[PDB]
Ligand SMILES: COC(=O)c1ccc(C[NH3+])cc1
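Take a look at this one chain, the form solved without this ligand, written out in structure tokens.
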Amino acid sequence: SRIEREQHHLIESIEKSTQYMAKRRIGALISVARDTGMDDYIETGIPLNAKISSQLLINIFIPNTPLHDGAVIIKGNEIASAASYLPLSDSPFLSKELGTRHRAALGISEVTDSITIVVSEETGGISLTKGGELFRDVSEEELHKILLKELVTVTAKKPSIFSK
């Protein structure tokens, strides 16, 4: 496969699934691994090793289901695990009206270079964490630009399965 295609499909899959869940107030927590590995947190969840799709991301987070209680971790071109533990931030700067999903997303962002996306159970707002910072209630346009900048690392070049 071709990474550029993989990376844009990942972005689209996050955008479509979080849009779907935001409209319905479905809580979600999706962490995308980058240069810092998250293998230890993958091991805490239920292994999926699945192809990335918006449909599977949505089905995972349906409330009161086996896979919904925790984080999804995406590693390379797979949904690696669901219902994974992430470390909680102890920061007193995180607003008290945000839930544990936000605290978990902040916590993993403080110890990895991962990009984590949260859909709020209470408001449907979409938030993102990176490097110990929270980007709260981002618009669809803002989410798109952030994901483009952080998850697409290849410019326009010749497609090839050997790219890596």
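All residue numbers refer to positions in the sequence shown, first residue = 1.
There is another form of the same protein, the form deposited with this ligand bound; it is not shown, and what comes next is about it.
Remark: none of the three candidate residues (110, 130 and 133) comes within 4.5 Å of this ligand in the deposited complex, counting heavy atoms only. Within this chain, residue 11 lines the site of this ligand in the deposited complex, having a heavy atom no more than 4.5 Å away.
Scanning 124-152 for heavy atoms within 4.5 Å of this ligand in the deposited complex gives 144, 148, 152 in sequence order.
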